[PDB]
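To start, the structure under review is shown below, and the notes come after it.
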Amino acid sequence: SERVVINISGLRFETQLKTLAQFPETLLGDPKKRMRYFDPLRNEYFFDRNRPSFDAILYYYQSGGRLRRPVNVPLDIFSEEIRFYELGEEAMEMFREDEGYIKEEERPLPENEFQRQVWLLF
Amino acid sequence: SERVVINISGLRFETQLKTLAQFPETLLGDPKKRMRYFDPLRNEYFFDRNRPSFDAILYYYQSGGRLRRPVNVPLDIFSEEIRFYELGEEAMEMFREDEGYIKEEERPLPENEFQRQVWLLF
Amino acid sequence: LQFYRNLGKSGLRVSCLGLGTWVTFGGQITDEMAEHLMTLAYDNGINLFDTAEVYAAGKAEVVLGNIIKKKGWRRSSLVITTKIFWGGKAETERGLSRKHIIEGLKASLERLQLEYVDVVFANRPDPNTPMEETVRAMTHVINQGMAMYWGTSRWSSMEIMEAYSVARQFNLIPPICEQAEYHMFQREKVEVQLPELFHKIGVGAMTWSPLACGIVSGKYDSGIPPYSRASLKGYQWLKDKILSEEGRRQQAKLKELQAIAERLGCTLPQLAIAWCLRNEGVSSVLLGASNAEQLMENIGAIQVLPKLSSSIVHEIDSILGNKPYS
Amino acid sequence: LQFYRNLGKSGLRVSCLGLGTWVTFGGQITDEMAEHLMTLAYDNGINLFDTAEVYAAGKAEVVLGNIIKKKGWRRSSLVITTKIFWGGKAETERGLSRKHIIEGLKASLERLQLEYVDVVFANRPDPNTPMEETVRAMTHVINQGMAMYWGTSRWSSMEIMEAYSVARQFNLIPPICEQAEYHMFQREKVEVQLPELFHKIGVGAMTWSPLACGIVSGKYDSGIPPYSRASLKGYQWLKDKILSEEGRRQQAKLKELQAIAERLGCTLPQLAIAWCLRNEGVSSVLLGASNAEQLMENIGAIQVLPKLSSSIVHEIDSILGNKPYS
Ligand SMILES: NC(=O)c1ccc[n+]([C@@H]2O[C@H](COP(=O)([O-])OP(=O)(O)OC[C@H]3O[C@@H](n4cnc5c(N)ncnc54)[C@H](OP(=O)(O)O)[C@@H]3O)[C@@H](O)[C@H]2O)c1
Ligand SMILES: NC(=O)c1ccc[n+]([C@@H]2O[C@H](COP(=O)([O-])OP(=O)(O)OC[C@H]3O[C@@H](n4cnc5c(N)ncnc54)[C@H](OP(=O)(O)O)[C@@H]3O)[C@@H](O)[C@H]2O)c1
């Protein structure tokens, strides 16, 4: 059970490689995507990023899917991090919903050049 | 992309030198100003200062300008740290405003020795 | 196109072709012929020679060292490598324990009449020895000036990465090369598993048996020639492979490859060897040769290398039908 | 004012002037003359002598060692330095790989008939070798007692800092000095890039060619004198520089400097050398000399040093018109 060390702006994190391989389409779960961040001198992946957020990102893998934003981290900074680590649109949607955001629709005109014109001013 | 290690009272932080060079007029962004804090035995800059605040200070460079005070850090301690790291009057103003502080004016007398005297007791 | 290349990402520069001594030196060929192969190789720019404590019970090292001493070549112009694992009948004379690495390397150095080798290799993985012990022993022989670098042979990428992490953990020296079998009929490890290691931790591949002991040369299209390796006393296992149902299938595929060779204007051995060098992850190919003609022909593989276009490579893949899935 | 100074921030104390052996020893001058220069230098307090595996194909080291052995000077009263990089025609005989650092230093030590040098230098950066490998090799030769310290030559400040951080990362030994070219017509590196390193990590500068191979001496005001370095077989490149349009411009600027020299009561070579020592970051200047007269004159640069006031320095800057922007 090979271990992996992820250094977030100096804050050291460790996990098992099988914990990350659980989600292959994310940055950390894909060897090819994280390769870019590997430091062979120290045997760690280094990210020059936001520190308070990573805890939750790593717990998402350990928990098997739980993505909770830390109370001390702004929603805009966290969401940028969820996007950076490429957790995917599903996790993101689950996150926004639980965060209190659910919207989706918009029925445009049939593209009648007429209907869509009348509907817009009414 | 040379890395830099900043040790805040034992708490270890790391970033890229180009992340700090982004703001040349600050303490960390100016080689001459931070030189004083360099420990050649450990290849790190050491600051015998407040720990909970530095996160946000470093994120300011990584984010490209975002200076958010951590929820757990008193406004008076944080502002002293913003001043210490020499982030500049612009960032400070942006900070106070977002923190809910905007004041500025004061129209004194024309310096009439007369007008200014009457205006003061009215 | 570049005759010389870095061994992995280390600073050690080796010719893309090296000369090995398994079966031949101190065994199948005369010392006179061995001196002749080595001279020919050295005069042609080849600076890499590989041997092992196990080849001919140590005589391969004795013959290699005799030649180097007799020719007077400058030690700094050579890259000598040797492998340790099977060094005797006693229980403590085999494996990668600290005792056997130090004693085995010291005895090879004595047989080679050299103060040190450039690269010492673990001839195979050792389940019975903690990685830490092996990595500390290899690091020890390097600090004692008995070797310049160390590498692995027949280890999985998982084991190679374990050596590397153990090295970082204890401030030791990581391996810089894996000696893997590689030819048209054995592609998995070198094409699928080793590249990640090359890019991630700098470990390069130094492949062996590029002609699968002669099988890929085409010399076995009509049976077992006399004096061929397959006919030697002790190599029945090789004879069994050639004549087997699988052996027959290989020989039939080789007839298909011959047409590729003619299109590229080269011989099958040249094509087979150049094919091993088409990808960056391979630092050097160790050749085997029982006479001077073979060596002079095989060295010509370097002229073929520039012609291996994606088109030609796809064709060879179609014929072999064994391209491993990434 | 202080004849001796620390090499960077290390504890090694060197005279502010040293004697080099490029072009001269084992080459342009006789061994008798070399013995004469060295004796004169040593009797005048100079304790630093610099050489390299590449000078005269190793003969400069042979001549330097012959003199030290013949004079019987106490080894502890000397600071011998040598440089490694180009040590032969073979592929593995050049660069900063572990193989070439160990083998190159060992062969120089043999030619010098010395158990060790005080400082071993990488004669130039090596793009083909990982910093870690180089720093571990240098640290190795120091732990083996083959050198007391190590330094860099012609490396950028970025590379010097990389060696230092790699050293801290693996608990190895950082370099203590950079050997940089420095004279009135080559000021960038020493005045703009090296000072930060001096104050930050203690690396000092040991500059070479303070007379730009003789160009700054004034001896070329009316053409190429006979027996001058510019006239030697193999130094056409130097001849080309002197006679070039840029060369002419330099010589014209030198005529302007002569007036400064007379105001300070010294010769141009003395002024040029003292100028190199005006700032703390320079630990020592390595002189070149093809005869005893030159050396006796150049050593007089030490009397000029106290007179280089800000006023005089500003003047020289005006004349040279090449003060680098900080
Ligand atoms: N790391 C390890 O565990 C390991 C294991 C095995 C080998 N190795 C290394 O790899 C080296 C090379 O391996 P190898 O000997 O198996 O290599 P190979 O290239 O597969 O086979 C070489 C043999 O094939 C024949 N041959 C070569 N060129 C020929 C040509 N042009 N025409 C006809 N026949 C030709 C010769 O045998 P005949 O003339 O006798 O038929 C020769 O001895 C070894 O010597 C050793 O240094 C390492
Ligand atoms: N780190 C490196 O890569 C590197 C590279 C080059 C050199 N170096 C070191 O630096 C040392 C000094 O370099 P350099 O020889 O170029 O030094 P230099 O001081 O620029 O030139 C010395 C040469 O100029 C002439 N000269 C000296 N004093 C003179 C005087 N008073 N009057 C007239 N001519 C005079 C002599 O040449 P002629 O009499 O023949 O005209 C003498 O050989 C070398 O020996 C070597 O140790 C290091």
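Note that chain C is numbered according to Swiss-Prot, with residues 36-361 shown in order.
Placed from the backbone N, Cα and C atoms, the Cβ positions cover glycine too.
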Among C:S112, C:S143, C:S257, C:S318, residue with annotation phosphoserine (source: Swiss-Prot): C:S112
Cβ neighbour count (within 10 Å, all chains shown) around C:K124 (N6-acetyllysine): 7
Which recorded positions sit within 10 Å of C:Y90 (active site, proton donor/acceptor) - Cα, from C:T56, C:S112, C:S244, C:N333: C:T56
Structural state of C:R189 (NADP(+) binding site), classified by DSSP into three states: coil
Where the C-beta lies under 6 angstroms from ligand 1, the matching recorded positions among C:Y90, C:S112, C:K124, C:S244, C:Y262: C:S244
In three-state DSSP terms, the structure that C:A247 (NADP(+) binding site) belongs to: helix
Inter-residue Cα distance where the pair is C:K124 (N6-acetyllysine) and C:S244 (NADP(+) binding site), in Å: 26
Proximity to chain A among recorded positions C:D85, C:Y90, C:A247, where any Cβ pair is under 8 Å: none
Rounded Cα separation (Å) that holds between C:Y262 (NADP(+) binding site) and C:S112 (phosphoserine): 34
Against chain D, in sequence order - recorded positions C:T56, C:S112, C:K124 with Cβ under 8 Å: C:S112
Neighbour count (Cβ, 10 Å) for C:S112 (phosphoserine): 15
